[PDB]
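The chain below stands alone and is given as structure tokens, in the form solved without the ligand.
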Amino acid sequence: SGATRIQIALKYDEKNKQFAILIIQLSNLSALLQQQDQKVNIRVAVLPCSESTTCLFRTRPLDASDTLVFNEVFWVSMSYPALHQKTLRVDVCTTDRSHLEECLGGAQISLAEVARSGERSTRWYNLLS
């Protein structure tokens, strides 16, 4: 049925010493989901996790659909040299009133080549189980 993909924009803000992560959307989510009516969120982790900062984020949950748009931004306080040692982990997760994440697949994105300046990069990433 193919790969599920997530589109993510990334941008560093040197003026404020902060990194922006824009979770845009999922495509071909049908490929990753067998059941019906499920709620989906995306868990975002900036790894390895520095203990003097929040490194774990979760989108709001939305009704599963083959294309699914979140458009949520997450800001992380981090210097550029520190940012370049990091990897971004994003996981598509199923959830219910039990409040247990069932994270069915994800991507990992080395941040070593994030630009210090200029425009955001916006790329599609395959999810792996």
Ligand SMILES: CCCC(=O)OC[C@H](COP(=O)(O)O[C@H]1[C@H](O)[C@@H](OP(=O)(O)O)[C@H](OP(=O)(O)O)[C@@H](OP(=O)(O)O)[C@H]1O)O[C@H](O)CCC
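In case it trips you up, residue 1 is the first one in the sequence shown, and so on.
K.L.:
If you average the Cα B factors in the entry, which is higher, 83-91 or 49-57?
P.N.:
For C-alpha atoms only, the mean B-factor is higher in 49-57.
K.L.:
On average, are the C-alpha B-factors higher in 112-120 or in 14-22?
P.N.:
On average, C-alpha B-factors are higher across 112-120.
K.L.:
According to the Cα B-factor stored in this entry, which of the following is highest: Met78, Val69, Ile42, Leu100?
P.N.:
It is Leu100.
K.L.:
In terms of the CA temperature factor given in the entry, to which third of its chain does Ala64 belong: lowest, middle or highest?
P.N.:
For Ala64, the deposited C-alpha B-factor lands in the middle third.
K.L.:
Once the chain's modelled residues are ordered by C-alpha B factor and cut into thirds, is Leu127 in the lowest, middle or highest one?
P.N.:
Within its chain, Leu127 is a middle-third residue by C-alpha B-factor, going by the deposited values.
K.L.:
Rank-wise, by C-alpha B-factor, drop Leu29 into the lowest, middle or highest third of its chain.
P.N.:
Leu29: CA B-factor falls in the middle third of its chain.
If you look for the form solved in complex with the ligand, you will not find it shown, but the lines that follow are about it.
K.L.:
Can you tell me whether the pocket in this form is open or blocked when the ligand is overlaid from where it sits in the deposited bound form, based on ligand atoms within 2.4 Å of backbone or C-beta (3 or more = blocked)?
P.N.:
Open, going by where the ligand lands after superposition on the site C-alphas.
K.L.:
Answer for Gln25 alone: is it within 4.5 Å of the ligand in the deposited bound form, judged on heavy atom distances?
P.N.:
Yes, contact at 4.5 Å.
K.L.:
May I ask you to state whether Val73 is within 4.5 Å of the ligand in the deposited bound form, using heavy atom distances?
P.N.:
Flag for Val73 set to yes.
K.L.:
Is the gap between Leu56 and the ligand in the deposited bound form 4.5 Å or less for some heavy atom pair?
P.N.:
No.
K.L.:
Within 4.5 Å, heavy atoms only: does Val69 come near the ligand in the deposited bound form?
P.N.:
The answer is yes: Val69 has a heavy atom within 4.5 Å of the ligand.
K.L.:
At a 4.5 angstroms cut-off on non-hydrogen atoms, which residues of 81-120 are near the ligand in the deposited bound form? List them in order.
P.N.:
Heavy-atom contacts within 4.5 Å come from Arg120 alone.
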